[PDB]
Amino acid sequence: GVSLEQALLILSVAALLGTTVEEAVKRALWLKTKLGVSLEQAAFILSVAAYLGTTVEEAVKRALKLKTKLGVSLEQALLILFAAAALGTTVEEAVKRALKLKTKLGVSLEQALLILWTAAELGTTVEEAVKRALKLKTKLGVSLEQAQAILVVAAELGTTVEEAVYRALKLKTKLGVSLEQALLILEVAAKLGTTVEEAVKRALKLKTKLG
(Lines of atoms letter the chains of each structure in order from A and count residues from 1; the text may use other names and numbers.)
(Lines give C-alpha, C1' and ligand atoms only; values in the text may rest on other atoms or scores of the structure.)
Protein backbone atom coordinates (compact mmCIF):
# COMPACT_ATOMS: atom_id res chain seq x y z
CA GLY A 1 0.00 0.00 0.00
CA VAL A 2 2.65 2.51 -1.14
CA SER A 3 0.81 5.60 -2.35
CA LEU A 4 1.78 8.03 -5.11
CA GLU A 5 2.00 10.74 -2.38
CA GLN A 6 4.56 8.61 -0.55
CA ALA A 7 6.61 8.18 -3.76
CA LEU A 8 6.45 11.96 -4.40
CA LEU A 9 7.59 12.72 -0.85
CA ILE A 10 10.60 10.40 -1.33
CA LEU A 11 11.53 12.15 -4.59
CA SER A 12 11.30 15.50 -2.72
CA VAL A 13 13.59 14.32 0.07
CA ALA A 14 16.13 13.03 -2.51
CA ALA A 15 16.21 16.53 -4.00
CA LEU A 16 16.51 18.20 -0.57
CA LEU A 17 19.40 15.93 0.49
CA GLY A 18 21.06 16.10 -2.90
CA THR A 19 21.22 12.32 -3.35
CA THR A 20 19.76 9.64 -5.67
CA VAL A 21 16.24 8.30 -5.25
CA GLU A 22 17.78 4.87 -4.62
CA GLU A 23 19.75 6.32 -1.73
CA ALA A 24 16.76 8.27 -0.33
CA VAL A 25 14.53 5.15 -0.47
CA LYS A 26 17.01 3.14 1.48
CA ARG A 27 17.63 5.84 3.98
CA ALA A 28 13.90 6.39 4.53
CA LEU A 29 13.10 2.68 4.79
CA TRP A 30 15.93 2.03 7.27
CA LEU A 31 14.61 4.85 9.42
CA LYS A 32 10.94 3.74 9.10
CA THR A 33 11.97 0.24 10.15
CA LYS A 34 14.22 1.40 12.98
CA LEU A 35 11.59 3.65 14.62
CA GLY A 36 8.41 1.89 13.49
CA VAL A 37 6.92 5.05 11.93
CA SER A 38 5.16 5.73 8.62
CA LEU A 39 7.14 6.30 5.43
CA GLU A 40 5.76 9.84 5.38
CA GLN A 41 7.03 10.47 8.92
CA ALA A 42 10.43 8.98 8.07
CA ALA A 43 10.68 11.40 5.12
CA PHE A 44 9.66 14.27 7.42
CA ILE A 45 12.42 13.32 9.87
CA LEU A 46 15.02 13.35 7.03
CA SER A 47 13.73 16.83 6.09
CA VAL A 48 13.91 18.08 9.69
CA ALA A 49 17.48 16.87 10.12
CA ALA A 50 18.45 18.63 6.87
CA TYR A 51 16.91 21.83 8.12
CA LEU A 52 18.49 21.49 11.61
CA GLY A 53 21.93 20.76 10.09
CA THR A 54 22.26 17.72 12.38
CA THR A 55 22.62 14.06 11.73
CA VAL A 56 19.39 12.05 11.54
CA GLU A 57 20.32 10.24 14.78
CA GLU A 58 20.64 13.62 16.47
CA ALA A 59 17.34 14.88 15.07
CA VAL A 60 15.55 11.74 16.32
CA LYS A 61 17.18 12.09 19.73
CA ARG A 62 15.98 15.72 19.96
CA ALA A 63 12.49 14.80 18.82
CA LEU A 64 12.08 11.92 21.31
CA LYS A 65 13.37 14.07 24.19
CA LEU A 66 11.02 16.91 23.23
CA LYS A 67 8.00 14.53 23.02
CA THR A 68 8.62 13.43 26.58
CA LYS A 69 9.36 16.98 27.74
CA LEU A 70 6.11 18.53 26.39
CA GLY A 71 3.93 15.42 26.36
CA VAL A 72 3.22 15.88 22.61
CA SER A 73 3.25 13.47 19.65
CA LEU A 74 6.36 12.73 17.63
CA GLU A 75 4.77 14.62 14.73
CA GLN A 76 4.26 17.69 16.94
CA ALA A 77 7.78 17.53 18.31
CA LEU A 78 9.13 17.34 14.76
CA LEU A 79 7.01 20.33 13.70
CA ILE A 80 8.33 22.30 16.70
CA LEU A 81 11.93 21.41 15.78
CA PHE A 82 11.28 22.33 12.16
CA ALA A 83 9.72 25.67 13.01
CA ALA A 84 12.64 26.36 15.32
CA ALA A 85 15.21 25.30 12.68
CA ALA A 86 13.54 27.55 10.09
CA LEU A 87 13.39 30.44 12.57
CA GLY A 88 16.98 29.89 13.79
CA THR A 89 15.78 29.87 17.43
CA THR A 90 15.41 27.53 20.42
CA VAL A 91 12.40 25.26 20.51
CA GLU A 92 11.22 27.25 23.52
CA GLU A 93 11.32 30.54 21.61
CA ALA A 94 9.61 28.91 18.63
CA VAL A 95 6.76 27.63 20.83
CA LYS A 96 6.51 31.04 22.57
CA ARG A 97 6.07 32.77 19.18
CA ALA A 98 3.61 30.10 18.06
CA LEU A 99 1.49 30.64 21.15
CA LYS A 100 1.32 34.43 20.64
CA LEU A 101 0.37 33.94 16.98
CA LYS A 102 -2.09 31.18 17.94
CA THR A 103 -4.00 33.60 20.14
CA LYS A 104 -3.85 36.46 17.61
CA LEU A 105 -5.23 34.51 14.64
CA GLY A 106 -7.45 32.10 16.59
CA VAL A 107 -5.64 29.10 15.11
CA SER A 108 -4.06 25.95 16.58
CA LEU A 109 -0.48 25.75 17.83
CA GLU A 110 0.28 23.36 14.93
CA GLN A 111 -1.15 25.82 12.43
CA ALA A 112 0.83 28.63 14.06
CA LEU A 113 4.08 26.59 13.86
CA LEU A 114 3.42 25.88 10.17
CA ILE A 115 2.81 29.62 9.56
CA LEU A 116 6.11 30.48 11.22
CA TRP A 117 7.88 27.91 9.01
CA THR A 118 6.20 29.13 5.85
CA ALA A 119 7.09 32.76 6.48
CA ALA A 120 10.71 31.74 6.96
CA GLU A 121 10.53 29.66 3.74
CA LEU A 122 9.19 32.74 1.87
CA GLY A 123 11.68 35.15 3.44
CA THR A 124 8.83 37.37 4.75
CA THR A 125 7.37 38.40 8.04
CA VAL A 126 4.60 36.27 9.47
CA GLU A 127 2.17 39.20 9.14
CA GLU A 128 2.90 39.36 5.41
CA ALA A 129 2.64 35.58 4.94
CA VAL A 130 -0.66 35.50 6.83
CA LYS A 131 -2.02 38.42 4.79
CA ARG A 132 -1.14 36.69 1.51
CA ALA A 133 -2.44 33.33 2.67
CA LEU A 134 -5.75 34.78 3.91
CA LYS A 135 -6.24 36.58 0.60
CA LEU A 136 -5.95 33.21 -1.17
CA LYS A 137 -8.17 31.46 1.34
CA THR A 138 -11.01 33.91 0.64
CA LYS A 139 -10.38 34.27 -3.11
CA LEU A 140 -10.21 30.51 -3.92
CA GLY A 141 -12.11 28.93 -1.04
CA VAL A 142 -9.14 26.83 0.14
CA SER A 143 -7.96 26.20 3.70
CA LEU A 144 -5.36 28.39 5.35
CA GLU A 145 -3.08 25.34 5.21
CA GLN A 146 -3.73 24.92 1.41
CA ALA A 147 -3.14 28.67 0.85
CA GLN A 148 0.22 28.43 2.58
CA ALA A 149 1.18 25.43 0.41
CA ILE A 150 0.29 27.47 -2.69
CA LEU A 151 2.60 30.33 -1.59
CA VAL A 152 5.47 27.88 -1.14
CA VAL A 153 4.86 26.05 -4.45
CA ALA A 154 4.75 29.38 -6.31
CA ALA A 155 8.11 30.32 -4.79
CA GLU A 156 9.65 26.99 -5.85
CA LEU A 157 8.24 27.41 -9.37
CA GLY A 158 9.54 30.99 -9.62
CA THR A 159 6.00 32.22 -10.46
CA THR A 160 3.05 34.12 -9.12
CA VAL A 161 0.42 32.27 -7.10
CA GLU A 162 -2.00 32.82 -10.02
CA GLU A 163 0.33 30.83 -12.27
CA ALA A 164 0.77 28.08 -9.69
CA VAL A 165 -2.99 27.70 -9.18
CA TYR A 166 -3.62 27.75 -12.95
CA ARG A 167 -1.25 24.80 -13.40
CA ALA A 168 -2.51 22.93 -10.33
CA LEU A 169 -6.14 23.15 -11.48
CA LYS A 170 -5.13 21.87 -14.92
CA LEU A 171 -3.51 18.82 -13.25
CA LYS A 172 -6.64 18.27 -11.14
CA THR A 173 -8.86 18.46 -14.19
CA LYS A 174 -6.66 16.23 -16.36
CA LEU A 175 -5.46 13.58 -13.87
CA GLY A 176 -8.30 13.73 -11.28
CA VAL A 177 -5.89 14.43 -8.40
CA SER A 178 -6.67 16.62 -5.42
CA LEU A 179 -5.39 20.19 -5.35
CA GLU A 180 -2.97 19.05 -2.67
CA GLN A 181 -1.52 16.30 -4.86
CA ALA A 182 -1.35 18.65 -7.88
CA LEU A 183 0.61 21.17 -5.80
CA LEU A 184 2.94 18.41 -4.58
CA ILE A 185 3.61 17.23 -8.15
CA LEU A 186 4.41 20.83 -9.19
CA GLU A 187 6.72 21.29 -6.23
CA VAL A 188 8.52 17.97 -6.80
CA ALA A 189 9.12 18.69 -10.51
CA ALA A 190 10.57 22.11 -9.63
CA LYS A 191 12.78 20.59 -6.93
CA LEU A 192 14.00 17.78 -9.24
CA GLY A 193 14.69 20.08 -12.23
CA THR A 194 12.12 18.22 -14.40
CA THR A 195 8.76 18.59 -16.10
CA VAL A 196 5.58 17.58 -14.28
CA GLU A 197 5.21 14.62 -16.64
CA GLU A 198 8.71 13.35 -15.81
CA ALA A 199 8.23 13.82 -12.03
CA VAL A 200 5.00 11.79 -12.19
CA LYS A 201 6.67 9.17 -14.40
CA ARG A 202 9.45 8.82 -11.84
CA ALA A 203 6.98 8.65 -8.94
CA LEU A 204 5.03 5.89 -10.62
CA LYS A 205 8.24 3.90 -11.27
CA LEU A 206 9.16 4.28 -7.61
CA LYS A 207 5.67 3.39 -6.35
CA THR A 208 5.96 0.20 -8.36
CA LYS A 209 9.53 -0.61 -7.32
CA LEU A 210 8.15 -0.64 -3.75
CA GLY A 211 5.08 -2.70 -4.74
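The first residue of the sequence shown is number 1, and the count goes up from there.
- In this entry, 34-42 has the higher mean Cα B-factor, the comparison being between 34-42 and 157-165.
- Of the two segments examined, 19-27 and 190-198, it is 19-27 that shows the higher average Cα temperature factor in the deposited entry.
- Ranking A94, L78, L134, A119 by Cα temperature factor from the entry places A94 first.
- When the modelled residues of the chain are ordered by their C-alpha B factor, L66 lands in the middle third.
- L179 sits in the middle third of its chain by CA B factor, as recorded in the PDB entry.
- Annotation for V142: CA B-factor lies in the highest third of the chain's modelled residues.
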